[PDB]
Amino acid sequence: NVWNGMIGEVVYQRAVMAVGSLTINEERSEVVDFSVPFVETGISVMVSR
Amino acid sequence: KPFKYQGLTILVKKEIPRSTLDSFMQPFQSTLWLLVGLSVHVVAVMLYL
Ligand SMILES: Cc1nc2nc(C3CC3)nn2c(O)c1NS(=O)(=O)c1ccc(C2CCCCC2)cc1
Ligand SMILES: CCCCCCC
């Protein structure tokens with residue numbers, strides 16, 4: 001029940017915002033407030049050709 | 001939060017190709033067809049001459 005990483009820094013008031021490769025999630029949006037998504041990043045599978 | 005990610009794009013009419021009946025005679029200009037037809041026969045008569 002303790003957040004680490006950038007989300008942990010933001011929720012525990014150690015930072016004002018978390019600029020980076022932060023994916024919008026259900027739980028993260030429950031905990032912190034996200035801005036509009038500025039790049040679409042789902043989950044995808046990479047394989048050797 | 002967006003429920004569908006998309007963007008602007010251009011829709012155009014896909015040209016359906018039309019097949020002319022003279023398509024196989026198209027590679028050679030009509031004067032070339034006439035010239036080769038004349039050449040065949042002049043060579044043919046000159047063989048037996
Ligand atoms: C302008 C044009 N529009 C056309 N639309 C069509 C379609 C699809 C139905 N064909 N077509 C054409 O073919 C022409 N060109 S033509 O009238 O100078 C012409 C006629 C006929 C022949 C031969 C080809 C060998 C077999 C015997 C007849 C060759 C040239
Ligand atoms: C490929 C040979 C074509 C001969 C046409 C003669 C008119």
# chains A, B, ... in the order shown; residues from 1 in each chain; ligands from 1
$ closest_atom_pairs --of "chain B" --to "chain A" --cutoff "10 Å" --atoms "only C-alpha atoms" --output "CSV"
residue,atom,partner,partner_atom,distance
B:1,CA,A:36,CA,7.1
B:2,CA,A:37,CA,8.4
B:5,CA,A:40,CA,7.5
B:6,CA,A:40,CA,9.7
$ residues_near_ligand --ligand "ligand 1" --cutoff "12 Å" --atoms "only C-alpha atoms and all ligand atoms" --output "list in words"
residues 17, 18, 19, 20, 21, 22, 23, 24, 25, 26 and 30 of chain B
$ residues_near_ligand --ligand "ligand 2" --cutoff "12 Å" --atoms "only C-alpha atoms and all ligand atoms" --output "list in words"
residues 24, 25, 26, 27, 28, 29, 30, 31, 32, 33, 34, 35, 36, 37, 38, 39, 40 and 41 of chain B
$ atom_distance --atom1 "CA of residue 2 (chain A)" --atom2 "CA of residue 38 (chain A)"
27.3 Å
$ select_by_dssp --residues "chain B" --states "helix (DSSP H, G or I)" --output "number ranges by chain"
B: 30-48
$ write_last_selection --atoms "C-alpha atoms" --output "PDB file, in the first residue's frame"
ATOM      1  CA  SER B  30       0.823   1.906 -85.016  1.00  0.00           C
ATOM      2  CA  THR B  31       3.501   3.013 -87.480  1.00  0.00           C
ATOM      3  CA  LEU B  32       5.864   0.491 -85.871  1.00  0.00           C
ATOM      4  CA  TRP B  33       3.257  -2.252 -86.305  1.00  0.00           C
ATOM      5  CA  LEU B  34       2.842  -1.332 -89.972  1.00  0.00           C
ATOM      6  CA  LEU B  35       6.611  -1.193 -90.479  1.00  0.00           C
ATOM      7  CA  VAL B  36       7.226  -4.592 -88.875  1.00  0.00           C
ATOM      8  CA  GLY B  37       4.378  -6.103 -90.894  1.00  0.00           C
ATOM      9  CA  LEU B  38       5.911  -4.750 -94.096  1.00  0.00           C
ATOM     10  CA  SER B  39       9.375  -5.903 -92.993  1.00  0.00           C
ATOM     11  CA  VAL B  40       8.208  -9.480 -92.416  1.00  0.00           C
ATOM     12  CA  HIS B  41       6.917  -9.743 -95.973  1.00  0.00           C
ATOM     13  CA  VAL B  42       9.795  -7.961 -97.717  1.00  0.00           C
ATOM     14  CA  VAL B  43      12.237 -10.291 -95.952  1.00  0.00           C
ATOM     15  CA  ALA B  44      10.021 -13.278 -96.777  1.00  0.00           C
ATOM     16  CA  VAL B  45       9.911 -12.500-100.502  1.00  0.00           C
ATOM     17  CA  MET B  46      13.618 -11.695-100.593  1.00  0.00           C
ATOM     18  CA  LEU B  47      14.475 -15.079 -99.052  1.00  0.00           C
ATOM     19  CA  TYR B  48      12.961 -16.896-102.017  1.00  0.00           C
TER      20      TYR B  48
END
$ residues_around --residues "residue 3 (chain A)" --least-positions-apart "4" --cutoff "10 Å" --atoms "only C-alpha atoms" --output "VMD selection string"
chain A and resid 7 to 12 28 31
$ write_last_selection --atoms "C-alpha atoms" --output "short mmCIF file (atom, residue, chain, number, x, y, z; two decimals), in the first residue's frame"
data_model
loop_
_atom_site.label_atom_id
_atom_site.label_comp_id
_atom_site.auth_asym_id
_atom_site.auth_seq_id
_atom_site.Cartn_x
_atom_site.Cartn_y
_atom_site.Cartn_z
CA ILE A 7 3.99 7.98 -8.79
CA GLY A 8 5.26 7.55 -5.24
CA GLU A 9 7.14 10.84 -5.42
CA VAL A 10 4.06 12.66 -6.72
CA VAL A 11 1.54 11.19 -4.27
CA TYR A 12 3.79 11.80 -1.25
CA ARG A 28 -2.55 5.55 -10.98
CA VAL A 31 -4.09 7.96 -6.88
#
